[PDB]
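Colleague: Here is the sequence, then the experimental structure:
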Amino acid sequence: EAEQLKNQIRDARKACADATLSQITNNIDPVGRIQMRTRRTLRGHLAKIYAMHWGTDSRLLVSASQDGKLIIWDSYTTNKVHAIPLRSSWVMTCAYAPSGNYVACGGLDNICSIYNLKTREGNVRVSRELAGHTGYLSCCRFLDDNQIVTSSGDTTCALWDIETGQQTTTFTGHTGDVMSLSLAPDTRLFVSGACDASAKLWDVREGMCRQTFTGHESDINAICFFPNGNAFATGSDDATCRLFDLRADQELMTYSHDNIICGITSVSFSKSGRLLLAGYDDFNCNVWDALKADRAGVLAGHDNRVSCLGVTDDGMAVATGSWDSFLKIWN
Amino acid sequence: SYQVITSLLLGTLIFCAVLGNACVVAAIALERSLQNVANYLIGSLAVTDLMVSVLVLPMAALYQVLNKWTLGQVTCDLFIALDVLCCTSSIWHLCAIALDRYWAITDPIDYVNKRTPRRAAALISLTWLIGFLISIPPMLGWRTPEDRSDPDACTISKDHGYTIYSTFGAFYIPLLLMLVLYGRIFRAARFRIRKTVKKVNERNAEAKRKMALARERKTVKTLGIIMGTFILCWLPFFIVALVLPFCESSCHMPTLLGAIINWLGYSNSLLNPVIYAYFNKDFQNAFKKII
Amino acid sequence: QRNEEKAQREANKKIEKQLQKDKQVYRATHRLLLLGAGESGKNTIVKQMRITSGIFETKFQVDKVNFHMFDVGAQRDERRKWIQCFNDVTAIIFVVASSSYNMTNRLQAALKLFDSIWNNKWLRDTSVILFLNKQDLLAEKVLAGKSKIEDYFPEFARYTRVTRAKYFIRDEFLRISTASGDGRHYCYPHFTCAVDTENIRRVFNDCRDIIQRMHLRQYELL
Amino acid sequence: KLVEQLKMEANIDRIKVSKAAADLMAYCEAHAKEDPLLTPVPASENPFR
Ligand SMILES: CC(C)CCC[C@@H](C)[C@H]1CC[C@H]2[C@@H]3CC=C4C[C@@H](O)CC[C@]4(C)[C@H]3CC[C@]12C
Ligand SMILES: Cc1ccc(CNCC2(F)CCN(C(=O)c3ccc(F)c(Cl)c3)CC2)nc1
């Protein structure tokens, strides 16, 4: 029955399409090209940068590199607060706790390593090791100081209680490995991207998939929520970005460009949500008008592939991390 | 005027040398892709050639065009020492590069463990110590200043000991040193190409033979270019600066054949980045970043 | 004002010093990647070279050359979209059991895996240190009179018994590197049974050879 | 089998995409006045130089 039960979902999805996003947002003229330029540059790391996360406090920043080093920057005045020695030099993920106390990382070691910055002796030491996964850790996000949701290559998202160190909740709805994971602003739901060309909305409180979005034609590498929380944006290897809505299961907008034949590595949203920034394989990051698919302008500024994007909690600045071992701060 | 057809050519040559050295010394500093020990040595060679091109080359042209030394009463010697310093430093930088290549190729373990940029710094210190040792003795006279007084001219010093000491230290010892080094790392490369055939279909056997022959041709072409540049530029000057001082009784050398020798020796500063930097693949791809 | 920033600046200076020192230490350390199925002679090679996670690090030193070794078979699936982390390795130690085609067409799977890994975009500028482990079992099976390699290499009849059969497995692995024609590196096996002590010495000599080729190509004498 | 529990999302109340586009563009229009990226803020209040 379930092998054909998707027919009803598809029929309702098609019949619900009454007014396209591109058919109604013409009440606003295009915002015009943006003149984004680099304000700060960061050169402490010495290998490929694979991940980056902004703190809720606008000051600090975290970046993970495959050299075995996790570092904490200082965006306003380029500086180093902490640079820690890793027990594995194969990390492709990092995340900063909203409380400003914890940092996590993971990668090919099949393990979520959680580092406590508020040690009584000051020196940063690992706090817990989350080794339940059987596939390479690809995304990580914090909910609280004792709660964390993890993505991995074992075709499974997980929820870990840091105090007990156990996989409290498990999400096995996917059929391929999952690489992208971002939480809704109301941190009771989240979405995950996968290489089976699907994005699934996860109900945290019950640990079950709620809605499946099947827009992309290839592996999804990035995903991020709209600031409202009722929508989110994705990024795939099909050289297209797509915007999905929870309450209307269609695709609101599709972002594509003629000069784009490379996959999308990371995506993020500004404070208002109108500006969607996506980092690409082609050395640069593009900025998109989310309501009319107009590319306001590119950033460039990286001599190797950009690997991670992040917009500050106040939306003031954009940070980009690339494989050239350089982090650029934009405004 | 007759000076115009000379001043134009000489100024264009000096400007081309200045641009050639400046591009290299800027491209190494700007880009961290080219920041390594071997390219640090090449950059030191480039800045030495820049010093030649902006310090001694334009003035040498100024003395040549005017035909007389009027820029100072006795200031000629200080300039020649600069000239000697910079030129022999540019010559011995080639030996430093050859020694670094020999140490890297023959002893890979030493490369992996102890080929720090400190090695390049020490090589540059020792390649400028040669100039410090060569240009200075004629400044105070090799033994006693007694015979080279001529206010109307500005020429190289002819002192009996010095016409041997300078010509052997600056060129001849470096010439055979580079010869033996680029012969050793010639037969090493040839033995390695032969090893890749001895220890390892038409698309198989003929491909092996053709790429081995191509590699042999390629290394002999590289060594031929480097050695031909070095010889064709410096050798006539350093054989004239030794044959002629011993035969001052019949020291005849036509100006239309002798003035060109001085500048062929000079043009080594222009031609050094052409083969050491510009033809190199790393710079050939790094210069694309500037447009 | 100034008081609270001098401490941060000197902490920055110390952090930068430690990062540069760690890079200097790492640069004098070698990089090697291992590939091949579990049915291959991988276990013997790893056990010699040592003297849950998807990456196991076995580190050592031979003749004053530091080696870092990464076996990566423990990563369960989907090698496609994380293999870019290993494009900076010096060479790949591809271990294939030469005696294991009889024991399914496993050797054809080794062929296709070798073809996929050699023509990889990330690893087009990297050498391959091939292995053809447990040749003794190949000799035992060939001397049985039936388990000749023509069953899974139907083109054997033209090659020129144990030495003749073993080299065809060697050479058809070389077709992947030769017909592609990288022109920068070359592939080379080393017949080993379970008790040969020359595996690490062979790997060290091979790394020295690769470094020599890199030097001769940098100054373009090769 | 288990796909039956995977496909129980057929009961969700998909509200009209017209309202989705409407409140999305309304959110953008209402929040465009507080987005530093959309319109460059003056350098006085900018913390990055
Ligand atoms: C190929 C050219 C452009 C560069 C290489 C050749 C160099 C060495 C040649 C080309 C032009 C030459 C100059 C042309 C004119 C004169 C005036 C005369 O008193 C002879 C010396 C002098 C000053 C020459 C010195 C040597 C010179 C600089
Ligand atoms: C040891 C040594 C000596 C000389 C050289 C090459 N030196 C080139 C010269 F052949 C140029 C002309 N020489 C001058 O002394 C001179 C004359 C007039 C000038 F205006 C200037 Cl600036 C220099 C003599 C040296 N390499 C190593």
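Modeller: Arrived safely, thanks for sending. Numbers count the residues shown, from 1 in each chain, chains lettered A, B, ... in the order given. Ligands and ions are numbered 1, 2, ... in the order given.
Colleague: How many residues are close by residue 26?
Modeller: Since no chain was named, I'll use chain A. 11 (other CB atoms under 10 Å in any protein chain shown). In short, each C-beta sits where N, CA and C put it, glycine included.
Colleague: could you do chain D instead?
Modeller: 12.
Colleague: any idea how far it lies from ligand 1?
Modeller: Distance of residue D:26 to ligand 1, given as CB to the nearest ligand atom, to the nearest Å: 72 Å.
Colleague: That residue belongs to a helix, doesn't it?
Modeller: Yes. Counting by DSSP: H, G, I helix; E, B strand; the rest coil, residue D:26 is part of a helix.
Colleague: so what's it up against?
Modeller: Residue D:26 sits next to no residue when contact means CB atoms under 8 Å, 6 or more residues apart in numbering or on different chains.
Colleague: quick one: it and residue A:167, what's the gap?
Modeller: 40 Å (CB to CB, to the nearest Å).
Colleague: now swap in residue B:217 and tell me
Modeller: Taking CB to CB, one finds residue B:217 at 63 Å from residue A:167.
Colleague: now residue A:246
Modeller: From residue A:246 to residue A:167 the distance is 26 Å (CB to CB).
Colleague: More neighbours: which of these two?
Modeller: residue A:246 (23 against 16).
Colleague: Just list what the strand or helix carrying residue C:93 packs against, helices and strands only.
Modeller: Following DSSP states H and E, the helix or strand that holds residue C:93 is strand C:91-95. Judged by 3 or more CB pairs under 8 Å, 6 or more residues apart in numbering or on different chains; DSSP states H and E, strand C:91-95 is in contact with strand C:29-35, helix C:42-49, helix C:106-118, strand C:127-131, helix C:199-218.
Colleague: Show residues contacting that strand.
Modeller: C:32-36, C:40-42, C:45, C:69, C:114, C:117, C:123, C:126-131, C:133, C:185, C:203, C:206-207, C:210.
Colleague: at 7 Å what do you get?
Modeller: C:32-36, C:40-42, C:45, C:114, C:117, C:123, C:126-131, C:133, C:203, C:206-207, C:210 (CB atoms under 7 Å, 6 or more residues apart in numbering or on different chains).
Colleague: hang on, the earlier thing: highest mean neighbour count out of the helices and strands packed on strand C:91-95?
Modeller: Mean neighbour count (mean count of other CB atoms under 10 Å in any protein chain shown) peaks for strand C:127-131 among those, with a mean of 25.
Colleague: Does that one reach chain B?
Modeller: No. Strand C:127-131 lies apart from chain B when judged by CB under 7 Å from any CB of the partner chain; the minimum separation is 11.6 Å.
Colleague: what are the pairing partners of that strand, and which direction each?
Modeller: Sheet pairing for strand C:127-131, assigned by DSSP bridges, gives strand C:91-95 (parallel), strand C:187-188 (parallel).
Colleague: And the very next helix or strand once past that strand, what does it pack against?
Modeller: For strand C:127-131, the succeeding helix or strand toward the C-terminus, using DSSP H and E, is helix C:135-142. Applying 3 or more CB pairs under 7 Å, 6 or more residues apart in numbering or on different chains; DSSP states H and E, one finds that helix C:135-142 makes contact with helix C:162-180.
Colleague: Figure out how far the helix it packs on is from the centre of its chain.
Modeller: A distance of 17 Å separates the centroid of the chain from that of helix C:162-180, by CA atoms, centre = their mean, to the nearest Å.
Colleague: Give the buried residues for that helix.
Modeller: The neighbour-count check on helix C:162-180 (16 or more other CB atoms under 10 Å in any protein chain shown) flags C:165-170, C:172-178 as buried.
Colleague: what's the answer for stretch C:120-129, then?
Modeller: C:120, C:123, C:126, C:127, C:128, C:129.
Colleague: and which of these is nearest residue B:126?
Modeller: residue C:127 (35.2 Å; CB to CB).
Colleague: That closest one contacts residue C:184, correct?
Modeller: No. Residue C:127 lies out of contact with residue C:184 (CB atoms under 7 Å); the separation is 8.4 Å.
Colleague: tally of neighbours for residue D:11?
Modeller: If we define neighbours as other CB under 10 Å, then residue D:11 has 8 of them.
Colleague: And the helices in chain D?
Modeller: D:2-6, D:17-31 (DSSP state H).
Colleague: Out of the buried residues of helix C:162-180, give me the two with the largest separation.
Modeller: Farthest pair in the buried residues of helix C:162-180, by CB to CB: C:165 and C:177, 20.7 Å.
Colleague: Next one: the one residue in chain B that gets nearest to chain D from chain A, what distance?
Modeller: Using CB to the nearest CB, the closest approach of chain B to chain D is made by residue B:30 at 22.6 Å. Distance of residue B:30 to chain A, computed by CB to the nearest CB, to the nearest Å: 12 Å.
Colleague: Likewise for residue B:220?
Modeller: 36 Å.
Colleague: okay, now the residue of chain D found nearest chain B: neighbour count?
Modeller: Nearest residue of chain D to chain B, counting by CB to the nearest CB: residue D:49, 22.6 Å away. Neighbourhood size, residue D:49 [other CB under 10 Å]: 8.
Colleague: Not counting residues beside it along the chain, what's closest to it?
Modeller: Nearest in space to residue D:49, with sequence neighbours left out and distances taken as CB to CB, 6 or more residues apart in numbering or on different chains, is residue A:39 at 5.7 Å.
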